[PDB]
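Rule-based calculations on the coordinates, nothing more; no lab input. Note that we place each Cβ from the backbone using ideal geometry, even for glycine, and neighbour counts take in every protein chain shown.
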Amino acid sequence: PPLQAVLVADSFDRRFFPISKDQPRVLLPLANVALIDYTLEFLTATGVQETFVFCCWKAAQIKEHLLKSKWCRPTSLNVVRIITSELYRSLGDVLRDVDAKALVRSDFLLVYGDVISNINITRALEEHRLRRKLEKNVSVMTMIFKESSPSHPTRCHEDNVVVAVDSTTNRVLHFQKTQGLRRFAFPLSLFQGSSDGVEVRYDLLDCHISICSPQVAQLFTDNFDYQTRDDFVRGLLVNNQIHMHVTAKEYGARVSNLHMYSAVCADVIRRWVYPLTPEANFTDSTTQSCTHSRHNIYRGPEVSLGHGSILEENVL
Amino acid sequence: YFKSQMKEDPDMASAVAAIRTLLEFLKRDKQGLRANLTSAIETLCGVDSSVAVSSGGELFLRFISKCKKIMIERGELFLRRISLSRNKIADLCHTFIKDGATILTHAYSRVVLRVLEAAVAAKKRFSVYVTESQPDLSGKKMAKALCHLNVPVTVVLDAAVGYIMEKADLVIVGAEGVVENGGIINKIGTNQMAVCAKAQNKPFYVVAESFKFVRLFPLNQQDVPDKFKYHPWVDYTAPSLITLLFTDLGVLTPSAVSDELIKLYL
């Protein structure tokens, strides 16, 4: 079956609300390229053949921008469908709408509209399908993490989590945030109910990329109290299993606040998201052509650099 | 003779002046024309002793290979090709200069100046170092000409050639003649600067046209003809001290110009 994905363009939080009164968060330029363009490029490179885009507020701007993009061209391998509805208020609402519309028929990806990554999902999906078939549909979600250091600038305190997993088979047993928390606590069920790996990991970066199941939407619709994915993953492990995967050589992050936006932009400039680079021109736009020089210095057409100006480091 | 009164245009060189003088005096006849052309060439080089003038005169007379209708038509087209050769060389050579690079030059050269102006038109920033050219002050005049191009320039003495060598990024100079092996013939203060650049491993680039190809094979500084050196005003540079040569026939290596010289039938 062809691979499908669900894209949530509207960010229901108001973290970026000094400025969003004129433009949406997805249209905010990171390196002169829209975040939704980055997400679409990542989805196309990862192998998605059909993308569903859900727009709630300022839907007209996103719809008119998507048509001008290269992903809407007839000679494309990733069909993009734009769905607009003014009744959306949270991710749970869009998931219930997808469940009622029967849009998805197999395993699909659930990502936001401001996710910049170069992860190619070809082994995590394979093992997710293998463990779904072997146990006859007990795993419903396979969240994707990235190993990093707690002191990295890309690890914001508002998006720092600590989880406890099984060393033998990767499976998440506990999920909680660390916003304003000094002494974390873990339930005794893990230690007194099972064995063979109850290790706790505090070196995982939340990439906000997950591999979903067709029954995930039905579980979301059954309980009319789920709004975000964090609540769903916290409530599922209270009674279906949630597994996890870790990448070590790729990159992945989701822009949520100004600090993380700046960190992701700096990482992109320094070619940490290769091959997604400013000089690669993945958007296929004539006005975004650029040339790469020494010290990661990028210059476009008609720069008209003056005499005496010094570009000490990476400048776009 | 008549070459003196065509010196009203400083942009054009002496060899092209002799070429156009020969072209103008060609339409004065009243085979035996080869002897007349040879005598005219000899009288032309008797006033100015330059290898470039003699090579250009020979290449002009080479088109031989009433019935004068065919002969006259070649001169104007030839002059037009020499005129376009400078622009072609500048276009081929302006791509080798990078932003913030330092360029070292020996003396005045219209080809080097045109290449620099093309590079500046390509939105590039660079600095130029020019040797003062003590025998006849031409490096300072080249700096004065480059001054109004909004290009930072600085004149240095011919003695201080190896002192600023480490501060230069590349060396580009003109040539009054290209010998068969691959070397060049230029001003007196050229061979030692090339030796210093080779010792410092800096690139050495030469820009010249196709009418300066002379059929000489010198082995040392004393093998050049005595009539061309006249305190000598011309020396010889070994082909091993030249990195690349930019001509109107394309970019050529020092070992590849011999084939072009042979095919030119000069």
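Structural remarks
- Local charge for residue A:257 was computed over the other residues whose Cβ lies under 10 Å away, with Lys and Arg +1 and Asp and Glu -1, and equals -2.
- Using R0 = 56 Å, the C-beta based FRET efficiency linking residue A:224 and residue A:272 works out to 0.85.
- Peptide A:305-315 has a mean shielding of 1, counted as Cβ atoms of other protein chains within 10 Å of each residue's Cβ.
- Sorted largest first, extent of the stretch A:4-270 alpha carbons per principal axis (Å): 56, 40, 34
- At q = 0.10 Å⁻¹ the log10 of I(q)/I(0) for the protein assembly as shown amounts to -0.86, computed by Debye summation with a single uniform scatterer per C-alpha, solvent ignored.
- When you filter the GluC sites (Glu not before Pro) in the stretch A:97-155 for DSSP loop state and at most 13 other Cβ atoms inside 10 Å of their Cβ, you are left with A:135.
- Bridge type composition, the protein assembly as shown - antiparallel percent by DSSP, nearest 5: 40
- Relative packing of A:55-64, B:185-194, A:192-201, A:10-19, which averages over residues the other C-beta atoms within 10 Å, highest first: B:185-194, A:55-64, A:10-19, A:192-201
- Cα→Cβ-extended label distance, 7 Å offset, between residue A:19 and residue B:148, nm: 4.8
- Part-to-part distance (alpha-carbon centres) for the stretch B:106-180 and the stretch A:139-153, which is given in Å: 59
- The mean of 1/r over all pairs of different alpha-carbon atoms in chain B, once inverted, gives a Kirkwood hydrodynamic radius of 19.3 Å.
- Estimated FRET transfer efficiency (residue A:12, residue A:122; beta-carbon r; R0 35 Å; 0.05): 0.70
- Spherically averaged projected area of the stretch B:112-266 from its Cα convex hull (nm²): 9.4
- Note, ³J(HN,Hα) from phi for the stretch A:91-96, Karplus 6.51, -1.76, 1.60, rounded to Hz, x at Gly and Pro: 4, x, 5, 5, 5, 5
- Each peptide among B:131-139, A:218-226 gets the average number of other Cβ atoms lying within 10 Å of its residues, and from highest to lowest they stand as B:131-139, A:218-226.
- Ordering B:172, A:297 by the number of other Cβ atoms within 10 Å of each residue's own Cβ, fewest first, gives A:297, B:172.
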